[PDB]
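Novice: What follows is a structure written as structure tokens; I'll ask about it next.
There are 10 protein chains.
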Amino acid sequence: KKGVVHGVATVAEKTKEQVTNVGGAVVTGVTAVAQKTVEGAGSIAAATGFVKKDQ
Amino acid sequence: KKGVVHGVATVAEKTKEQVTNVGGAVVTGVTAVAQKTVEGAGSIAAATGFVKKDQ
Amino acid sequence: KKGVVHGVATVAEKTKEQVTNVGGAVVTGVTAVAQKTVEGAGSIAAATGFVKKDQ
Amino acid sequence: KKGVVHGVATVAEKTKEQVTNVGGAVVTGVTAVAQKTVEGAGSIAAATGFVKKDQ
Amino acid sequence: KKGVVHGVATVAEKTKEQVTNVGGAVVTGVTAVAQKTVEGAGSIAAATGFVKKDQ
Amino acid sequence: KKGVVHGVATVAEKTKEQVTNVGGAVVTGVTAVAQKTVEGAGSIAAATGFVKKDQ
Amino acid sequence: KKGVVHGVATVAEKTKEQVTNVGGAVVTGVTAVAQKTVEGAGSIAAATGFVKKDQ
Amino acid sequence: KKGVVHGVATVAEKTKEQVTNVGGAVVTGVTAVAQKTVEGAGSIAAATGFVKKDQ
Amino acid sequence: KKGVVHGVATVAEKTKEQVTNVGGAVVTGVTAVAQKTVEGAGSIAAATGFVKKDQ
Amino acid sequence: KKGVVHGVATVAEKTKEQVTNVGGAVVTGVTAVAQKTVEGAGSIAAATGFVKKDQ
Ligand SMILES: CNc1ccc(C#C/C=C/c2nc3ccc(O)cc3s2)cn1
Ligand SMILES: CNc1ccc(C#C/C=C/c2nc3ccc(O)cc3s2)cn1
Ligand SMILES: CNc1ccc(C#C/C=C/c2nc3ccc(O)cc3s2)cn1
Ligand SMILES: CNc1ccc(C#C/C=C/c2nc3ccc(O)cc3s2)cn1
Ligand SMILES: CNc1ccc(C#C/C=C/c2nc3ccc(O)cc3s2)cn1
Ligand SMILES: CNc1ccc(C#C/C=C/c2nc3ccc(O)cc3s2)cn1
Ligand SMILES: CNc1ccc(C#C/C=C/c2nc3ccc(O)cc3s2)cn1
Ligand SMILES: CNc1ccc(C#C/C=C/c2nc3ccc(O)cc3s2)cn1
Ligand SMILES: CNc1ccc(C#C/C=C/c2nc3ccc(O)cc3s2)cn1
Ligand SMILES: CNc1ccc(C#C/C=C/c2nc3ccc(O)cc3s2)cn1
Ligand SMILES: CNc1ccc(C#C/C=C/c2nc3ccc(O)cc3s2)cn1
Ligand SMILES: CNc1ccc(C#C/C=C/c2nc3ccc(O)cc3s2)cn1
Ligand SMILES: CNc1ccc(C#C/C=C/c2nc3ccc(O)cc3s2)cn1
Ligand SMILES: CNc1ccc(C#C/C=C/c2nc3ccc(O)cc3s2)cn1
Ligand SMILES: CNc1ccc(C#C/C=C/c2nc3ccc(O)cc3s2)cn1
Ligand SMILES: CNc1ccc(C#C/C=C/c2nc3ccc(O)cc3s2)cn1
Ligand SMILES: CNc1ccc(C#C/C=C/c2nc3ccc(O)cc3s2)cn1
Ligand SMILES: CNc1ccc(C#C/C=C/c2nc3ccc(O)cc3s2)cn1
Ligand SMILES: CNc1ccc(C#C/C=C/c2nc3ccc(O)cc3s2)cn1
Ligand SMILES: CNc1ccc(C#C/C=C/c2nc3ccc(O)cc3s2)cn1
């Protein structure tokens, strides 16, 4: 076989899960957050996949 | 087989799940948030997939 | 087989779920948010798939 | 088989769900939000798929 | 076989999970956060995959 | 002060919410159920406050 | 002060929430159920407060 | 002060929450269930407060 | 002070939370269940407070 | 002071939390369950407070 990509690719066979991202956010997984009190200014309480590039 | 992509591709066979994103947000997964009190200015309480690029 | 894409494609066979996004938001998954009090100015309380690019 | 796309495509066979988006928003999934009080100026309380590009 | 990529690629066969990211965040895994009180200004309470590049 | 009750009482001051029940059902709280398919014979799908005393 | 009860009482001061139950069910709290498919005969899918005393 | 109870009482001062139960079920707390597929005959999927006394 | 109870009592002062139960179930706490697939006959998947006295 | 109980009592002062139980189940605490697949016949997957007295 032959393949040429510029990116971003994701090429496969017999594949149970696939995610391609440029951005941005993708949530595909099981996630449970239980929480009782959030205070403070300002605290990232429960972050799973996170990116902060403030300018 | 032969394939040429510019991106972003996601090419496969026999594949249970697929996500392609440029952006942007995609939520495809099970997610449960239970929460009782959020305060503060300003706190990211429960973030799963998150991207902040303020300018 | 043969395939040429410019992107963004999502090409497959025998595939249970598919999402293609450029944007933008796509919500296809099970999601439960239970919440009791949100305060503060301004706090992202419960974000699942999120993108903030304010200029 | 043969396929040439400019994007955004989503090509498949035997496929239970499909979403193609350029925009924009698509909501196809089960979603339950229960909520008791939202305050503050201005806090994104419960966001599932979200994109904010204010200029 | 032959392959030439510019990156970022992810090329495979017989592959159970795949993630390609440029960004950005991708959450595909099981995650449980249980939490009782978050205070302080400002403390990253529970971060799993995290990136902070404030300027 | 003095108080004598036989029950069921609920005596208070400065009190935001009150429920007294003998029975019977009382629903006073925020509740959101989103649901896509219920089958089976016979399965309690989503029960919040529930009591079954069949004889 | 003086108090004599037979039960069930609930006596208080300065009290934000109160529930008295003999029965029976009382739902006063925030509750979110999101659900996609329930099958089987017969499975209690999502039960929060539950009591089964079949005879 | 003086108090004589037969039960079940709940006597207090300056008290934020109160529950008295004989039964029966009382749900006063924040609860989020997100769920994607329930099968089997018969499986208690997600039970929070639960009592089964079948005879 | 003086107190005589038969039970079940719960007597206090300056008390943030109170639960009295004979039964029966009481759910007053924050709870998040996220779940993707339940099978089998019959498996208690996610039980928090649970009592099974089948005869 | 003087106190005589038959049980079950719970007598206190200046007390943040109280639970009295005869039964039965009481859930007052923060709890997060995230789960991806449950199989088998029949396996207690995730049990927090649990009692099984089948006869
Ligand atoms: C009797 N039970 C009680 C009594 C008090 C409390 C409480 C509280 C939180 C207080 C906070 N103050 C600030 C001030 C500045 C800031 O940036 C963040 C915070 S959070 C809970 N239970
Ligand atoms: C002022 N600040 C900024 C911020 C971001 C940028 C940018 C950019 C370009 C992003 C691209 N992504 C892809 C993905 C796939 C593909 O095939 C081609 C491209 S080009 C410029 N200035
Ligand atoms: C008797 N039970 C009670 C009594 C009080 C409370 C409470 C509270 C929260 C107070 C806050 N103050 C500020 C001030 C500034 C700011 O930026 C954020 C916050 S949050 C809960 N239960
Ligand atoms: C002022 N700030 C900004 C911010 C963003 C940008 C930008 C951009 C371009 C994004 C593109 N995405 C794709 C995706 C697929 C494809 O085949 C071609 C392209 S080109 C410029 N200035
Ligand atoms: C007796 N039970 C009670 C009594 C009081 C309360 C409460 C409260 C919240 C107070 C807040 N103050 C500010 C001030 C500034 C700001 O930016 C945000 C906030 S939130 C709850 N239960
Ligand atoms: C709706 N408008 C707004 C306004 C502001 C925001 C925000 C934010 C996040 C601020 C953070 N600061 C710190 C400092 C130190 C550290 O280690 C981690 C962090 S995260 C979101 N939306
Ligand atoms: C109209 N219908 C269709 C049908 C098929 C297609 C397609 C395609 C792309 C196939 C590729 N295969 C490989 C293999 C290896 C590699 O490194 C890169 C690539 S890209 C589009 N439209
Ligand atoms: C002032 N700020 C901004 C912000 C965004 C932009 C932009 C843009 C272009 C987006 C494109 N998306 C696609 C997707 C598929 C495709 O085949 C071609 C294209 S071109 C410019 N200025
Ligand atoms: C001032 N700000 C902005 C904001 C957005 C834009 C833009 C744009 C173009 C979007 C396109 N989408 C598609 C999708 C499919 C396709 O085949 C061709 C195209 S071109 C410009 N200025
Ligand atoms: C009687 N039970 C109680 C009594 C008090 C409390 C409490 C508390 C938290 C206080 C905080 N103060 C600050 C001040 C500045 C800051 O940046 C962060 C924080 S968090 C809990 N239980
Ligand atoms: C055949 N099966 C059953 C089932 C239930 C019963 C029963 C009963 C009695 C329940 C009572 N509750 C209260 C509550 C308060 C009070 O002051 C007095 C009473 S007496 C009998 N047979
Ligand atoms: C109508 N209003 C009221 C007012 C008060 C009451 C009451 C009461 C019970 C108080 C007790 N104190 C103690 C102290 C020590 C000990 O070992 C056992 C006990 S029992 C009922 N109804
Ligand atoms: C055949 N099976 C069953 C099942 C249940 C029963 C029973 C019973 C009695 C329950 C009572 N609860 C209270 C609560 C408060 C109070 O002051 C007095 C009473 S008496 C009998 N047979
Ligand atoms: C192509 N996508 C598909 C195809 C099939 C299905 C499905 C299904 C469920 C089948 C069941 N059979 C039984 C039999 C007996 C019983 O007691 C309970 C059940 S539930 C979902 N998506
Ligand atoms: C609507 N009707 C019905 C009918 C049946 C049921 C039931 C049930 C539970 C059965 C269990 N068996 C086992 C065996 C072994 C073990 O370790 C744990 C458990 S839990 C509920 N509702
Ligand atoms: C056939 N099986 C069963 C099952 C249960 C029973 C029973 C019973 C009695 C329960 C009581 N609870 C309270 C609570 C408070 C109080 O002050 C007095 C009482 S008496 C009998 N037979
Ligand atoms: C192609 N995607 C697919 C294909 C098939 C399925 C499925 C399924 C479930 C099958 C079950 N069979 C039984 C039989 C007896 C019983 O008591 C319970 C169950 S549950 C999901 N996705
Ligand atoms: C056939 N199987 C069974 C099963 C259970 C029983 C039983 C019983 C009695 C339970 C009681 N609880 C309390 C709690 C407080 C109090 O002040 C008095 C009592 S008496 C009998 N037979
Ligand atoms: C291609 N993707 C697929 C294919 C198949 C499946 C599946 C499945 C579950 C099968 C079960 N069979 C039984 C039989 C008896 C019983 O008591 C419980 C169960 S659960 C998921 N994804
Ligand atoms: C291609 N991806 C796949 C393929 C297959 C599966 C699977 C599975 C589970 C099979 C089970 N069989 C039994 C039989 C009896 C019993 O009591 C419990 C169970 S659970 C997941 N992913």
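In order, the protein sequence lines correspond to chains A, E, J, I, B, H, F, G, C and D. Going by the authors' numbering, the first residue of the first sequence is number 45, and it counts up by one from there. Going by the authors' numbering, the first residue of the second sequence is number 45, and it counts up by one from there. Going by the authors' numbering, the first residue of the third sequence is number 45, and it counts up by one from there. Going by the authors' numbering, the first residue of the fourth sequence is number 45, and it counts up by one from there. Going by the authors' numbering, the first residue of the fifth sequence is number 45, and it counts up by one from there. Going by the authors' numbering, the first residue of the sixth sequence is number 45, and it counts up by one from there. Going by the authors' numbering, the first residue of the seventh sequence is number 45, and it counts up by one from there. Going by the authors' numbering, the first residue of the eighth sequence is number 45, and it counts up by one from there. Going by the authors' numbering, the first residue of the ninth sequence is number 45, and it counts up by one from there. Going by the authors' numbering, the first residue of the tenth sequence is number 45, and it counts up by one from there. Backbone N, C-alpha and C fix where the C-beta goes; we use that ideal spot for every residue, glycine too.
(1) Listed from N- to C-terminal order along the chain, which residues in the segment 67 to 85 of chain J have their beta-carbon within a distance smaller than 8 Å of any beta-carbon of chain F?
(2) Can you tell me whether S87/G is buried or exposed? The criterion is at least 16 other CB atoms within 10 Å of its CB, across all chains shown.
(3) For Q62/C and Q62/D, I'd like the C-alpha separation in whole angstroms.
(4) Nearest to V52/B by alpha carbon, out of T75/A, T72/A, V95/A, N65/A?
(5) Where does the unbroken beta strand (DSSP E) through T75/F begin, and where does it stop?
(6) Under the criterion of a Cβ to heavy atom distance below 8 Å, does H50/A qualify as lining ligand 9?
(7) Does ligand 16 have a heavy atom nearer than 8 Å to the CB of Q99/G?
(8) So what does DSSP say about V66/B, is it helix, strand or coil?
(9) Could you check the C-alpha separation between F94/A and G84/H for me, to the nearest Å?
(10) Determine the contact status of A69/G and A90/F, defining contact as a CB-CB distance below 9 Å.
(11) Please confirm whether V82/I and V82/J have their CB atoms less than 9 Å apart.
(12) Which same chain residues, not among the five before or five after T72/C, have their C-beta less than 8 Å away from its C-beta?
(13) Taking the CB atoms as reference points, tell me whether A78/H and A76/J lie closer together than 9 Å.
(14) For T92/F, which three-state DSSP category applies?
(15) Can you tell me where the beta strand (DSSP E) holding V48/D begins and where it ends?
(16) Pick out whichever of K80/I, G67/I, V74/I has its Cα sitting closest to the Cα of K96/I.
(17) Based on DSSP bridge pairs, tell me the residues matched to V55/D.
(18) Going along the chain, which residues of its own chain have a beta-carbon closer than 7 Å to the beta-carbon of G47/D, five neighbours each way excluded?
(19) By Cβ distance, which residues of its chain are closer than 7 Å to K58/F, with the 5 residues on each side in sequence left out?
(20) Please confirm whether any heavy atom of ligand 2 lies closer than 8 Å to the CB of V66/E.
(21) Could you tell me the distance, in whole angstroms, from the CA atom of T92/D to the CA atom of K80/B?
(22) What number of angstroms, rounded off, separates the C-alpha of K45/C from the C-alpha of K45/G?
(23) Determine the direct distance from the alpha carbon of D98/J to that of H50/B, and round the result to whole angstroms.
(24) Nearer than 8 Å: is that true of the beta carbon of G84/C relative to any heavy atom of ligand 20?
Specialist: Considering the structure as presented:
(1) Hits within the stretch, in order: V74, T75, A76, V77, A78, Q79, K80.
(2) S87/G sits buried, since 16 or more C-beta atoms from the chains shown fall within 10 Å of its C-beta.
(3) Going from the Cα of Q62/C to the Cα of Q62/D covers about 5 Å.
(4) Measuring from the Cα of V52/B, the nearest candidate turns out to be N65/A.
(5) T75/F -> beta strand (DSSP E) spans 75 to 79.
(6) Not one heavy atom of ligand 9 is found less than 8 Å from the C-beta of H50/A.
(7) At least one heavy atom of ligand 16 lies closer than 8 Å to the C-beta of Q99/G.
(8) In this structure, DSSP gives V66/B a state outside helix and strand, which the three-state scheme calls coil.
(9) In this structure, the alpha-carbon of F94/A lies about 41 Å from that of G84/H.
(10) The Cβ atoms of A69/G and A90/F do not sit closer than 9 Å to each other.
(11) Judged by their CB atoms, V82/I and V82/J are nearer to each other than the 9 Å cut-off.
(12) Excluding its 5 nearest sequence neighbours in each direction, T72/C has C-beta neighbours in its own chain below 8 Å: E61, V63, listed in chain order.
(13) Yes, they are a contact pair.
(14) Here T92/F sits in strand by DSSP.
(15) For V48/D, the uninterrupted beta strand (DSSP E) run begins and ends at 46 to 48, by DSSP.
(16) Checked all of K80/I, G67/I, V74/I; the closest Cα to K96/I is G67/I.
(17) In the DSSP output, where bridge partners are listed per residue, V55/D has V55/C.
(18) If we look at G47/D and ignore the five residues flanking it on each side, its Cβ neighbours are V55.
(19) Excluding sequence neighbours, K58/F sits near nothing in its chain.
(20) Within the cutoff, so yes.
(21) If you draw a straight line from the Cα of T92/D to the Cα of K80/B, it is about 17 Å long.
(22) Each residue's alpha carbon lies about 5 Å from the other.
(23) The alpha-carbon separation between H50/B and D98/J amounts to approximately 30 Å.
(24) Answer for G84/C: yes, Cβ within range of ligand 20.
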